[PDB]
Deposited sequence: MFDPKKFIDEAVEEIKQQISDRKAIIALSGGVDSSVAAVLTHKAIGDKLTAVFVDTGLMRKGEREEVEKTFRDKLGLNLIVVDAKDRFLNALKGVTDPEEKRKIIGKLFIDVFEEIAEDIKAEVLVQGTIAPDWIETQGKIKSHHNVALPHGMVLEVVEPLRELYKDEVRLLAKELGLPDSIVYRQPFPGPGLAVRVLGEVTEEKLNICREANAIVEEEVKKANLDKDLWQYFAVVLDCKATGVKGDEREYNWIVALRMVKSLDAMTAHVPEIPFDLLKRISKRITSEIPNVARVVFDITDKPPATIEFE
């Protein structure tokens, strides 16, 4: 794979497919979407509008990171929607994982379609990677956009090589995949502000320590989950946090590798010392199969 070649080629292919129309892209902060947004911006400048929807379920500091990288550094038109209270209010009382997924997917695409209308987008750019067993698209309230997918034939490692070349920050280039529903499926039972806070801070500790250990390039994913069961501490009851770390090619199968004991111990103690209301930290030692990667 020649990243220099591919960029030149792909910038040219997009400009001609998109021609002079207005395009839109959802920035997750992940690598695939970040790479496609930057390729597209190179191809069409201010015709591109990027949208960041702050669902309140994102990793700590995402909004700022996306602003500083895409708006400040790179100069993309960037629309940011602070939708935290809206997504939290909607999840009040919801414990069914599938109801969480449906609610969050719906609010998300509704806000996205709203912005796409406001700006009269005609093209949707997505960072979809290969393969394609998984072209216009109709959005749920009827708006139709032509789809461009410049990474549609690329794999994980090719795209990491691309983001390097395009000068994206290291935090993006090696960003682990993160779900649409974000932290809401890493907080079992009800997504309260209390449990969401614990979740967000535990995940920041996991990310920081895994980065210090240079395991961010080897691991597929590495995260913390707030379980909806409690255990005892020094005798008071509080939240159990589970750590989840796996290797995988694509998320189809997964194995828990040998994680240095020191690293796990250090995470554990940072979590119980720095985050009030956590009694216990445990580590998931279940492969996929028979487990799924996420806990719900």
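- In sequence order, the gaps in C-alpha coverage of the deposited chain fall at 1, 136-144, 245-248.
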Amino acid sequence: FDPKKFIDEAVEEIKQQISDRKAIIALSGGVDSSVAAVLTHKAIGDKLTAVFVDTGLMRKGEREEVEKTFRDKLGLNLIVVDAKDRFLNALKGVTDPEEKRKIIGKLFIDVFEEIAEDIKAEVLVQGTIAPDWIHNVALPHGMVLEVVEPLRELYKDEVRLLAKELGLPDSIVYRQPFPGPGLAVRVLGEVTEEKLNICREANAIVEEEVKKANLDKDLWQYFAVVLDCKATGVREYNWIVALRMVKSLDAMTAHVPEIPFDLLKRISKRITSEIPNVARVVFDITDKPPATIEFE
From here on, numbers count along this sequence of modelled residues.
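- As listed in the deposited structure, the average C-alpha B-factor of 163-171 and of 85-93 is greater for 163-171.
- Per-stretch averaging of Cα B factors for 184-192 and 68-76 places 68-76 on top.
- Per the PDB record, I18 has a higher Cα B-factor than any other of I18, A279, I285, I25.
- Highest CA B-factor among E201, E153, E207, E113, as stated in the entry: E153.
- Per-chain ranking of the deposited C-alpha B factor places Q176 in the lowest third.
- Remark: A224 belongs to the lowest third of its chain, ranked by C-alpha B-factor as recorded.
- Annotation for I267: CA B-factor lies in the lowest third of the chain's modelled residues.
- Ranked by C-alpha B-factor against the other modelled residues of its chain, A242 falls in the lowest third.
- Sort the modelled residues of the chain by CA B factor and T232 lands in the highest third.
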